> 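Once you've had a glance at the structure underneath, I'll fire off some questions.
Reckoned from all heavy atoms, side chains included, excluding hydrogens, waters and symmetry mates. Every number for a ligand or one of its atoms is a count from 1 in the order of the listing. When a residue number appears, it is its place in the shown sequence, counting from 1.
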Amino acid sequence: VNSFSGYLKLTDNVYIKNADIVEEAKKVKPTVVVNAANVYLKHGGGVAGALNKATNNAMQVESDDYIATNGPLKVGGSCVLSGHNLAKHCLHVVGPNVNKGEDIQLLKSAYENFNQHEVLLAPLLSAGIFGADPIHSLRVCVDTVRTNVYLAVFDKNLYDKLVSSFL
Ligand SMILES: C[C@@H](CSc1nnc2[nH]cnn12)c1ccccc1
């Protein structure tokens, strides 16, 4: 039993809700919240910009030191950093950004990072401003992640379409 509430169960291990991931994190304080990161951990907009704002920019400060020490992530890769006031940990995962021409096959590799964590609160990778089809992202999520994932979808219209079209 865990504290995630109001989710629709899609599969054995994947759950979905129309929710603002920021507000969901602040309420649940999950062990792991997933950030829709880029390789530079520049958290400007989309999910990343919203998460970082909720930490009063502490996520960005921590991220800049991480990059100064380690260099950029790989597309499809991840790193674990602090969850600040939102979660114990933040798993920063880089899905491919279609508006940069990145190979969409890298989406499966990106979701594989989730399997290193037993339970996660997450957005749909590569959705939103990353330009991929969120229906496809949900399919890859279901077919790749074996651990327990609670997906927060900000847009109600999209949420209803994702549920109604789910196979
Ligand atoms: C408006 C955007 C969804 S914005 C959103 N909702 N949840 C999340 N997570 C990350 N971005 N995001 C959209 C709708 C329908 C087709 C494509 C794109």
> Please collect all side-chain hydrogen bond (donor to acceptor under 3.5 Å, both in side chains) contacts where either partner lies in residues 133-143, sequence neighbours excluded, each pair once.
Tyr111-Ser137, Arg139-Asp143

> I'd like a table of the close N/O pairs between ligand 1 and the protein (anything under 3.5 Å), one pair per line with both atom names and the distance.
unit_1, atom_1, unit_2, atom_2, d
ligand 1, 6 (N), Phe154, N, 3.3
ligand 1, 6 (N), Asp155, N, 3.2
ligand 1, 7 (N), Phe154, N, 2.8

> Decide if atom CG of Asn99 counts as having more than 12 heavy atoms of other residues, nucleotides or ligands within a radius under 6.0 Å.
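Above 12, so yes.
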
> Parallel, tilted or perpendicular: which fits the ring planes of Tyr7 and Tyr150, with parallel below 30° and perpendicular above 60°?
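If you compare the ring of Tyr7 with that of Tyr150, the planes turn out perpendicular.
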
> Does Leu121 reach the side chain of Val28, with side-chain heavy atoms less than 4.5 Å apart?
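Result no, sub-4.5 Å side-chain heavy-atom pair not found.
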
> Quick check against the 3.5 Å criterion: does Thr144 have a side-chain atom that pairs as donor or acceptor with the backbone of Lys108?
no

> Counting C-beta onward and ignoring hydrogens, is there a side-chain heavy-atom pair between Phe166 and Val142 closer than 4.5 Å?
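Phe166 reaches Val142 side chain to side chain.
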
